[PDB]
Amino acid sequence: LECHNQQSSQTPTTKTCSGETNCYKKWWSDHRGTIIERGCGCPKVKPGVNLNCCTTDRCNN
């Protein structure tokens, strides 16, 4: 499984997961706007964070 792992609006990058069967994208806003974190797995998040856990290559851009 290949998942995006770049932050926010950075040029996209991916990593090849080593066991995981989800990718994730998590996002919320601060005083500057939207922050995005991306990687392998499907983590628990703090309430009020937006989360996508998806199951296909590069699904979390």
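Residues numbered from 1 in each chain as written, not as in the entry; some residues may be left out. Heavy atoms only, no water.

1. Notes on the sheet that holds strand β3 (residues 23-30)
With respect to topology, three strands assemble into an open sheet ordered β4-β3-β5, the strand pairing being antiparallel. Each end of this open sheet is capped by a strand with a single partner; those strands are β4 (33-40) and β5 (50-54). Averaged over neighbouring strand pairs, the angle between their axes works out to 15° when direction is ignored. As paired strands, β3 and β4 are joined by eight bridges and run antiparallel to one another. Along β4, the bridge assignment pairs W28 with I35. (Pairing = 2+ DSSP bridges. Helix = DSSP H or I, 4+ residues; strand = E, 2+ residues; numbered from the N terminus. Axes fitted to C-alpha atoms, helices over the stretch in contact; angles between N-to-C directions.)

2. Things to note about the packing of aromatic side chains
Taken as a whole and judged by the stated rule, the model has zero aromatic pairs. Its guanidinium or amino end placed over the ring of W27, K25 lies 5.5 Å from that ring's centre, counting from NZ or CZ. (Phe/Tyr/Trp six-rings, centres within 6.5 Å; stacked < 30°, edge-to-face > 60°. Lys NZ or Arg CZ within 6 Å of the ring centre and 35° of its normal.)

3. Considering unusual backbone geometry
Even without being a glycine, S8 presents a positive backbone phi close to 45°. Looking at the element boundaries, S8 is found in the loop between β1 (2-4) and β2 (14-16). You will see that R58, though not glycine, has its phi angle at about 65°, which is positive. By the secondary structure assignment, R58 is in the segment after β5. Residue classification places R58 among the partly exposed positions, given a relative accessible area of 45%. (Buried < 20%, exposed > 50% of the residue type's maximum accessible area, 1.4 Å probe, protein only.)

4. Observations regarding the environment of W27
Counting through the fold element by element, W27 comes out in strand β3. Aside from chain neighbours lying at most four places away, what touches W27 is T34, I35, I36, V49, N50, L51 and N52. (Contact = heavy atoms within 4.5 Å.)

5. Thoughts on the UniProt feature "disulfide bond" in the protein
Only sulfur pairs under 2.5 Å apart are read as disulfides, and the UniProt pair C17 and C40, at 2.0 Å, is one of them here. Of this pair, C17 sits in the loop between β2 and β3 while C40 sits in strand β4, and the two are 23 residues apart along the sequence. For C17, a relative accessible area of 11% puts it in the buried group. For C40, a relative accessible area of 16% corresponds to the buried category. In this model the sulfur atoms of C42 and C53, a pair UniProt annotates as disulfide-bonded, sit 2.0 Å apart, close enough for the bond to be present. With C42 in the loop between β4 and β5 and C53 in strand β5, the pair connects residues that are 11 residues apart, well separated along the chain. For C42, a relative accessible area of 44% gives the class partly exposed. (Disulfide = S-S within 2.5 Å. UniProt positions renumbered as here; feature names shortened; annotations may be inferred.)

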